[PDB]
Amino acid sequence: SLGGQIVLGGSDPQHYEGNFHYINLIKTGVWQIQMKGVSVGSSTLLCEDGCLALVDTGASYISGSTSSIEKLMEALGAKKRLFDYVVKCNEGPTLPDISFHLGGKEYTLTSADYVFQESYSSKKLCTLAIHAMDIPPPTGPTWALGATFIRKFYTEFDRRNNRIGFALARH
């Protein structure tokens, strides 16, 4: 299996579909862009007045501030463990889509995109690929879009134009 790929000096069309959509960086110096909302299902629960998103390839998960994630998870029925949030494995496949409003587009993750479905049993707990992390100034407070996001959306980091481009990953 091909675990992943980084291209320097371009992109690889055999691994994404359609065309890139681009968002300008807020300020040069960091791979961070403006976010205009996070929808659970079809309602904008969070970041309703805009917030920041770090596109962080060295992070495993999607992260938000403790307050934002408490709220995200409250809406998902997920239970706070020490480190992570969990759901009863049987409800995993029924978890709502989650959307990130970036540029002109919604970037939608379904339950298969963020639930570690290690079982389908009600006696078992399944982890979520979303965690709380308080990133301190100057970078944060911010969301971080890690591997959970990048898996679904092929990402281009563009230094010439100071932008980040997203296209649908082809698996």
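For every residue, the number given is its place in the sequence shown, counted from 1.
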Of 73 to 81 and 95 to 103, the one with larger mean CA B-factor
73 to 81
Using only C-alpha atoms and the B-factors in the entry, which stretch averages higher, 47 to 55 or 132 to 140?
132 to 140
Specify which of 40, 145, 33, 109 carries the largest Cα B factor in the deposited PDB entry.
40
Between 117, 60, 63, 67, where does the Cα B-factor run highest in the record?
67
If you rank every modelled residue in this chain by C-alpha B factor, which third holds residue 19: lowest, middle or highest?
highest
